[PDB]
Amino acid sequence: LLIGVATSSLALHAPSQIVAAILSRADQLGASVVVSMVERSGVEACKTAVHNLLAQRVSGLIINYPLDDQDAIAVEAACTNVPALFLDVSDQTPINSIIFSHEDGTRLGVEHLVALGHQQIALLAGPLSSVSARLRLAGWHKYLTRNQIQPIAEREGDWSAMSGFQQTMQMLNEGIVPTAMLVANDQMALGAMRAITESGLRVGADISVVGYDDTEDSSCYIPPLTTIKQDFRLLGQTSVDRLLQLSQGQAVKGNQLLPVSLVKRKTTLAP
């Protein structure tokens, strides 16, 4: 038994956690895994990865790469009837997929800050080339609007701590000082926290911060980071079970949404 995985760079935290879980579950079920890391940027790069995987005679494909509606459909077409499961797409795209609830994750972050009394909020989005970053940013805007709040600033990073530091420092140097920040992932949040601290402000007391992912490291940031938990292990594990069920015609044909939750720590307080 052999399956193939087309994945975003494993140098990134989220992708590596998902693939680790995929490999663990595959081993458990007696399936070997061919892994192809996408050259990044573009549906063509992903199609090439899929082509190479099919050449290795895989009987199932897990696409752990961000794709918009049309591109995901295009990649599915390239799988040549071999079952394909997508893990980084919109839940509206008509393909087989499993993704985390972006509606719940963004609502949780916004409602948490609103409930604490925050009105001056800034957003630090992930790279908009990524469907996940886009869904997250759209969600923040949706719930902030529902709470009759317009953010005082919104910027874009690249998932790295340094981008969080740079974007936050640029915002602060501009004279824009929110009482709270919604950040696209924990690593960028770490960067934001450093920027806040080096600017002579207190994370939490002066500027609250909410991350996203609930990485193992987040519990030890200074101070511990309030974030949105995305159970990557569960996603990876479930993707293998699902793919094998699909390959045997006993699964389904559509999208599954996995729940997320708010992890309250030490970076969020009333303004």
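Residue numbers here begin at 1 and follow the sequence given.
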Using the B-factors recorded in the PDB entry, average over the C-alpha atoms of 88-96 and of 75-83, then report which stretch comes out higher. 75-83
Mean B factor on CA atoms, stretches 237-245 and 198-206, record says higher is 198-206
Which has the highest CA B-factor per the PDB entry: 162, 149, 123, 177? 177
Third of the chain's Cα B-factor distribution that residue 226 belongs to, per the entry: lowest
Where the record places residue 61 (Cα B-factor, split into thirds across the chain): middle
Position of residue 171 among the chain's modelled residues by C-alpha B-factor, lowest, middle or highest third: highest
Of the three thirds of the chain ranked by Cα temperature factor, residue 250 occupies the highest
Among all modelled residues of this chain, ranked by Cα B factor, put residue 110 in the bottom, middle or top third, i.e. lowest, middle or highest. lowest
